[PDB]
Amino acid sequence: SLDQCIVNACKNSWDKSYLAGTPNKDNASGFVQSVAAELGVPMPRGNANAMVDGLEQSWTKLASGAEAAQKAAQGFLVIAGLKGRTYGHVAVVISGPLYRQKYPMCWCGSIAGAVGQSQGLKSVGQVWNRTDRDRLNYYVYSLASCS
């Protein structure tokens, strides 16, 4: 699996602060901004909702969580995102066996504390709730980031 540079980018972004005085681990949008900046990949800017709008307008959309993990394994940056009426949430998908045989492993910060966060050991079906887990969108950047 060729996702090592993305995993590293996540680890490195975890202690950074894209926003002044705001550790990425407590800020979903910021966290993926730092991941993207570290991989030389243009990321739509803004809060989670704004980012999902931009990803929807300009990025490739994948069919499943399985296709998402596959794309991570091939070295592509993959964002799982979902708008909310109030606030959305985004996360970086990484390679690894699918949780409940459906949902890919991920990294994500969250203002919600530990229950919202993941350091690669929670899947998207353990960050997002039971109903939301099945509504996620998966976006992949058009060029691979890992050689």
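Residue numbers here begin at 1 and follow the sequence given.
In this entry, 129-137 shows the higher mean Cα temperature factor of the pair 129-137 and 20-28. Comparing the deposited coordinates for 54-62 and 88-96, the stretch with the larger average C-alpha B-factor is 54-62.
The top Cα temperature factor in the record, among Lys83, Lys102, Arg45, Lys122, falls on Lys102. In the PDB entry, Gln70 places in the highest third of its chain by CA B-factor.
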